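Below is one structure, written out as structure tokens; the observations come after it.
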Amino acid sequence: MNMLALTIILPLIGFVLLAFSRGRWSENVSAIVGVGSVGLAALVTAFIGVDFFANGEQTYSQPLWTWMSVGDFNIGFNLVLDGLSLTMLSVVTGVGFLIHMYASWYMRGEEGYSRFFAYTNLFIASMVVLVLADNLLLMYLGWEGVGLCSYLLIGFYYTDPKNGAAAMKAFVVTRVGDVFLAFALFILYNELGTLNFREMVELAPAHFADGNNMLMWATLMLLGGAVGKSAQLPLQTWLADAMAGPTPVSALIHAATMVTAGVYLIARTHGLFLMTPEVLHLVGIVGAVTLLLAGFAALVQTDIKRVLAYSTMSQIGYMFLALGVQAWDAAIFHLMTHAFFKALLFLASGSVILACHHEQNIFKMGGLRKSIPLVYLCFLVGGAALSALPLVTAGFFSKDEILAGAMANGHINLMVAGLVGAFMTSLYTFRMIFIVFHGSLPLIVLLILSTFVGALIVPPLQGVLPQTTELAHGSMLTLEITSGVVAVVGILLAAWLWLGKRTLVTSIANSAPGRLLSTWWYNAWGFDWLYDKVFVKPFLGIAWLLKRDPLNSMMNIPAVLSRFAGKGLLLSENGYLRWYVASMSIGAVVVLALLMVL
Amino acid sequence: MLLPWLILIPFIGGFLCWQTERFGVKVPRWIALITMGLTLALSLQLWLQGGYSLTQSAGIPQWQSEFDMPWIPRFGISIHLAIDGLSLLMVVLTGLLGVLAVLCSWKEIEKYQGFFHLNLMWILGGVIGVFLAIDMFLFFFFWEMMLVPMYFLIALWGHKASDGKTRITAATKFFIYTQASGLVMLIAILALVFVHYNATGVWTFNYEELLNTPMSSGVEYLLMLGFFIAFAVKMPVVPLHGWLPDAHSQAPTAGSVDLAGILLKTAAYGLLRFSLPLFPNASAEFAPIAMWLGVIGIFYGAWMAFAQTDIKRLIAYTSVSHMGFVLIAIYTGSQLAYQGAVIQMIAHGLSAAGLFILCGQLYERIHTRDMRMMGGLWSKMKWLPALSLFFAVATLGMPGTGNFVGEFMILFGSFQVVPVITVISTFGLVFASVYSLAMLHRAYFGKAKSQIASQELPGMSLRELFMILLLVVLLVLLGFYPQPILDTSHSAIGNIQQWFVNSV
Ligand SMILES: CCCCCCCCCCCCCCCCCC(=O)OC[C@H](COP(=O)(O)OCCN)OC(=O)CCCCCCCCCCCCCCCCC
Ligand SMILES: CCCCCCCCCCCCCCCCCC(=O)OC[C@H](COP(=O)(O)OCCN)OC(=O)CCCCCCCCCCCCCCCCC
Ligand SMILES: CCCCCCCCCCCCCCCCCC(=O)OC[C@H](COP(=O)(O)OCCN)OC(=O)CCCCCCCCCCCCCCCCC
Ligand SMILES: CCCCCCCCCCCCCCCCCC(=O)OC[C@H](COP(=O)(O)OCCN)OC(=O)CCCCCCCCCCCCCCCCC
């Protein structure tokens with residue numbers, strides 16, 4: 001498995017070739033280069049996994065070179081591979097290859113074809129760097145490259161300024177998250193003296209024996225970086241606006257790479273969070289609140305992609321809740337399954353927006369189950385996996401593992417939040433499906449993987465993440481029964497509300513608290529307005545106030561004083577001889593008086 | 001031995017460029033080309049033969065090469081040149097920028113091209129003399145002699161779209177700022193020399209002899225203040241900064257003149273070389289003031305850059321913010337922060353040179369600099385918007401470029417010393433990403449906001465493309481492998497840091 005660096009090099013080679021080609025190549029050649037780069041990365045990933053399982057799941061290390069060596073500051077360019085890294089790398093490469101093939105079919109006849117595939121190749125390379133890094137600075141390089149490619153891909157259609165504004169907002173919010181992550185890096189290097197994950201875990205208990213404040217600061221800042229990248233509380237506002245990009249961009253962001261980076265960051269530095277239990281409980285609380293707010297926002301969204309955005313936010317909140325209840329394996333399994341069905345849902349939504357030919361809200365569409373039966377089937381199974389349909393969907397098993405972890409660690413409020421979030425998840429998902437639809441090889445692969453066939457795949461996290469506290473069989477069985485009952489009740493309530501003629505739904509919507517709650521939850525609980533008022537508006541006001549460069553004028557004040565003093569002094573040069581004699585006598589008086597005084 | 005030739009080859013080359021103009025108008029550009037080729041080759045030969053990676057830290061003074069020749073023996077003044085890792089790195093950077101400036105002014109067929117090349121060569125020779133001189137009078141002499149050709153270039157060859165009055169005003173403001181600050185530095189130098197003469201009894205302007213000077217707390221503060229006023233004017237440090245956007249705005253339109261002398265790389269070298277070793281206690285006492293001035297510089301430069309309708313002024317304020325980062329790094333006493341300052345300085349030189357070259361190329365394309373008059377230029381050009389996108393990504397501190405590497409070692413060392421200024425500086429990094437994305441959106445994205453950007457534009461020439469791609473390759477290699485640069489300057493940085501922290 002010594003070709004571990006090829007998983008970075010091949011997307012990098014593809015990105016460089018497709019960038020310097022500048023779109024002069026044919027679309028077939030550009031598609032071949034991009035999809036072949038990601039497919040060769042996926043094939044090398046498959047061979048790496050085969051050699052990993054053949055060698056007995058041994059953590060492999062490939063040190064390429066040394067990044068920077070200044071005294072004790074030794075940061076190496078080393079790749080690592082364990083079960084978590086293999087799971088993340090396989091998910092990223094496989095789902096990215098499927099999305100690349102679908103985009104090669106999808107983006108035909110579009111300007112910037114080579115540019116699009118170069119940007120996605122750089123995205124894949126950046127996330128492979130992120131998930132293969134052995135220290136925090138190389139992971140930061142992959143982190144910021146992932147953010148940069150997100151900026152380049154959200155505002156892909158640069159002619160529309162709305163896409164550029166959305167990309168700028170996404171990059172600024174994720175840059176605030178990366179600044180929090182940088183704070184975590186600074187604290188961890190200042191305390192432990194290293195940024196390698198294994199060494200930080202090893203020397204964390206030996207160093208924080210006397211005082212344990214800076215470790216909570218570092219883990220809190222790590223959580224801030226994670227919620228910056230994973231679109232969680234309080235930095236979740238960028239995703240819904242970032243939906244302005246192309247469909248494969250949205251699938252690659254919400255399913256495979258972008259939002260899973262925070263979950264991988266929390267799972268990779270799990271030991272430091274284990275020594276800071278309050279911060280881990282804060283991770284769980286942030287996940288619960290974010291999934292609840294995302295479900296409430298998705299309940300009233302009028303567009304398919306906005307519903308999918310808040311569903312992605314809710315699922316990532318479920319992962320964060322799983323991490324907060326020390327259900328790490330449940331979190332990574334849900335990451336895999338959510339990547340599968342969210343990619344399937346986004347590609348099906350792109351098929352819907354190709355069939356509709358115009359940007360329309362969900363109410364204008366109706367009765368689409370007969371015009372597009374394959375797309376309707378894909379949407380139906382993606383919604384069933386998202387809503388955790390029992391015994392047929394992998395999302396059901398992932399959510400059951402998450403809720404079992406919530407049970408076994410004594411977390412009751414997080415369990416209640418999870419069940420409520422599952423109920424509203426089924427509610428908004430089948431609300432969208434019943435509103436829209438009543439009134440191909442990547443698609444086949446994601447069709448299969450969204451069912452229990454995806455649940456057949458388990459991540460090899462033994463020996464990497466700690467094994468969860470084991471629930472009793474009766475408690476696990478009644479929790480599975482409760483989860484299935486809640487999901488079925490939510491789906492049936494959505495059918496009772498939106499499948500027929502909407503009279504109870506419109507009566508609630510036409511109530512004055514209906515207007516208030518619909519307008520509140522439509523704008524993501526006012527967080528976008530709050531960040532506009534608290535941060536954007538004073539920034540713009542200070543920029544407008546400072547655009548005249550006041551310090552430059554303050555330092556130009558001596559020039560004005562010199563000009564005024566020179567003009568005042570030139571009044572003595574009136575050219576009158578009698579005044580010159582008078583001035584000489586005045587100076588004689590002044591000199592004589594000064595000599596007499598001193 | 002090669003240091004006098006390192007200084008004199010630009011001067012002799014400029015004289016030959018001026019005198020050989022009678023053989024044709026296409027002759028002096030070649031003469032400047034082998035002039036900077038010889039200068040860069042001498043710098044690289046000194047790099048190869050210096051053995052800088054194997055050099056340990058032996059304390060100030062520790063020079064890899066030295067030259068001494070008496071100039072004014074009445075005051076103990078000599079042409080005293082010395083090179084170590086830091087000075088060699090900056091001489092290599094100056095030679096590379098001189099090569100790029102000769103290449104960027106290749107198509108100028110002006111009637112007085114020989115004098116333009118002479119002024120460019122004399123500016124570069126003055127900058128190299130600043131980096132090499134370890135005599136205080138000689139250092140001040142180079143520091144002030146690099147200003148007259150700069151003044152004449154800005155005043156007489158400058159931005160032809162603007163009036164001559166605006167160019168003369170900007171050049172006069174730059175000259176007054178730099179020369180008044182230099183005179184304050186000369187007063188500090190004279191007072192230090194006289195104090196050393198009163199303490200010991202030998203006339204000497206030598207930097208090695210003035211290191212050990214018994215000085216009261218309060219005289220040392222005043223001398224450090226004079227040195228810091230000079231360096232802060234040419235750093236730039238707020239509020240002594242506006243000469244830099246005014247000089248960048250009214251510089252000649254080639255863009256070579258921007259790379260020649262208006263790029264700031266000598267003041268932080270002077271702070272590391274002279275302000276910290278000569279006055280360690282005064283610098284330690286002044287460190288909170290300088291670090292807060294750096295914080296104010298970062299935030300003020302970012303807000304200034306966002307509020308610009310001119311792209312060249314935006315790049316100038318980007319330089320202001322980055323140099324505020326370097327100023328924070330200098331007054332920390334951390335070897336990690338100093339090495340990060342060196343990497344950030346080299347990377348800022350490369351990235352600012354690329355941005356200024358691309359802005360100049362855009363100006364010969366569209367004949368305007370207003371970002372309100374351009375938009376959607378990604379579809380109208382071939383190479384320029386993608387390279388400008390890369391350089392804007394570089395200037396916001398993205399990993400993969402040397403800017404991130406330098407500024408992150410700066411922030412690591414600063415947080416090891418001072419946490420609060422470090423966190424405010426990282427919010428300044430957020431602001432840097434904000435203004436870089438704002439300039440990218442206002443310049444190359446969107447629709448055409450005027451008629452000059454509506455039609456297709458001619459592609460970039462092969463020479464300009466080759467030098468811009470050389471800058472791109474150098475920035476990427478510095479980001480992914482800064483280790484030769486860190487090994488070159490490790491001994492000098494170690495000596496400066498050990499002197500700063502072992503005498504306070
Ligand atoms: C983050 C992405 C993953 C990294 C790969 C791509 C990075 C960017 C590519 C351009 C910059 C490359 C800089 C390094 C070039 C190789 C030189 C090198 O690193 O030598 C060090 C080492 C040998 O010296 P050693 O003494 O072992 O060093 C350790 C310190 N004592 O050398 C070795 O031990 C051998 C190392 C071989 C590495 C080969 C990598 C080839 C990459 C080709 C990329 C093509 C696209 C480039 C542009 C991409 C976009 C920026
Ligand atoms: C490293 C692994 C990942 C880890 C994270 C890394 C994060 C940082 C990575 C930074 C890389 C650069 C990103 C920003 C610049 C992107 C430029 C771009 O958009 O290129 C596309 C463009 C072609 O697009 P198109 O619109 O079709 O062409 C216009 C013509 N009408 O292309 C062009 O017009 C031509 C190419 C322009 C410049 C491309 C980027 C240059 C820098 C990378 C390669 C450097 C050279 C390789 C060798 C390095 C040294 C060994
Ligand atoms: C932050 C405090 C601590 C640090 C202090 C550092 C001090 C030294 C470095 C800063 C020097 C600042 C110099 C300010 C003036 C620069 C030149 C300038 O702005 O000129 C503008 C103007 C010429 O242009 P224009 O406006 O077109 O006028 C045409 C008039 N027919 O000019 C004119 O019309 C007249 C110009 C007269 C000459 C310039 C003014 C000299 C004044 C004394 C300078 C010495 C410092 C004194 C203290 C400064 C404040 C601390
Ligand atoms: C999350 C809550 C918890 C707190 C954590 C820290 C704070 C995080 C806050 C994140 C807020 C991000 C908001 C980003 C909005 C971007 C979109 C936007 O407003 O776009 C409008 C405009 C577009 O830019 P332009 O290129 O001019 O467009 C051309 C035509 N419009 O864009 C502009 O004009 C530029 C707007 C720049 C906004 C800068 C934001 C700076 C944030 C500083 C954080 C400081 C944190 C510490 C605060 C004190 C704490 C005690």
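All chains are named by letter (A, B, ...) in the order of the sequence lines, taking the proteins before the strands, and each is independently numbered beginning at 1. When a ligand or atom number is given, it counts from 1 through the structure's own listing order.
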### Query
With a 4.0 Å cut-off, strictly under, does atom 33 (C) of ligand 3 pick up any protein heavy atom?
yes
### Query
Which atoms of ligand 3 sit under 4.0 Å from any heavy atom of B:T169?
24 (O), 27 (O)
### Task
With heavy atoms of A:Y531 as the reference, note each atom of ligand 4 found under 4.0 Å away.
1 (C), 2 (C)
### Message
Heavy atoms only, cut-off 4.0 Å: how does A:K169 contact ligand 4, side chain, backbone, both, or neither?
### Response
both
### Protein heavy atom under 4.0 Å of atom 4 (C) of ligand 3
yes
### Query
Should you measure from each heavy atom of A:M168, which atoms of ligand 4 turn up under 4.0 Å away?
23 (C), 24 (O), 25 (P), 26 (O)
### Query
A:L141 heavy atoms, cut-off 4.0 Å: which ligand 2 atoms fall inside?
4 (C), 5 (C)
#### Entry: atom 47 (C) of ligand 3 touched by protein (heavy atom, under 4.0 Å)
no
### Query
Which of the numbered atoms in ligand 3 are below 4.0 angstrom from a heavy atom of B:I229?
4 (C), 6 (C)
### Message
Could you tell me, atom by atom, which parts of ligand 2 come under 4.0 Å of a heavy atom of A:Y119?
### Response
18 (C), 19 (O)
### atom 51 (C) of ligand 4 touched by protein (heavy atom, under 4.0 Å)
no
## Note on the structure
For residues 162-188 of chain B, the salt bridge (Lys or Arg N to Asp or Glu O under 4.0 Å) pairs (sequence neighbours left out) are B:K173-B:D246
### Query
Can you find a protein heavy atom under 4.0 Å from atom 21 (C) of ligand 4?
no
#### Entry: Heavy-atom proximity to atom 23 (C) of ligand 2, best of A:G23, A:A19, B:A392
A:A19
### B:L469 contact mode with ligand 2 (heavy-atom cut-off under 4.0 Å)
neither
### Message
Please work out, at 4.0 Å between heavy atoms, whether the side chain, the backbone, both, or neither of A:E144 comes within that distance of ligand 2.
### Response
neither
### Query
Applying a strict 4.0 Å limit to heavy atoms, is B:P399 in contact with ligand 2?
yes
#### Entry: Per-residue contact class, A:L540 against ligand 4 - non-hydrogen pairs under 4.0 Å
side chain
#### Entry: Nitrogen or oxygen of A:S126 less than 3.5 angstrom from that of ligand 2
no
### Contact bool for atom 12 (C) of ligand 4 (protein heavy atom, d < 4.0 Å)
yes
### Option set B:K173, B:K165, A:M554, A:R563, criterion heavy-atom distance to atom 26 (O) of ligand 3, minimum
A:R563
### Task
Would you mind running through ligand 2 and noting each atom that sits below 4.0 Å from a heavy atom of A:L12?
1 (C), 2 (C)
### Query
Nearest protein heavy atom to atom 17 (C) of ligand 3: under 4.0 Å?
yes
### For B:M381, the ligand 2 atoms whose distance to one of its heavy atoms is below 4.0 Å
30 (C), 31 (N)
### Query
A:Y113 near ligand 2, heavy-atom distance under 4.0 Å?
no
### Message
Any protein heavy atom at under 4.0 Å, with atom 7 (C) of ligand 3 as the reference point?
### Response
no
### Query
Out of curiosity, is A:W238 lining ligand 4, as in a heavy atom under 4.0 Å away?
no
### Query
Does any N or O atom in B:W383 lie less than 3.5 angstrom from one in ligand 2, N or O only?
no
## Note on the structure
Under 4.0 Å from one or more heavy atoms of A:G145, ligand 2 contributes atoms 5 (C), 7 (C)
### Message
Distance under 4.0 Å to a non-hydrogen atom of B:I176: what atoms of ligand 3 satisfy this?
### Response
13 (C), 16 (C), 17 (C), 38 (C), 39 (C)
### Message
I'd like to check which ligand 4 atoms, numbered from 1 as shown, lie under 4.0 Å from a non-hydrogen atom of A:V176.
### Response
6 (C), 8 (C)
## Note on the structure
Per-atom filter on ligand 2: closer than 4.0 angstrom to a heavy atom of B:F480 are 1 (C)
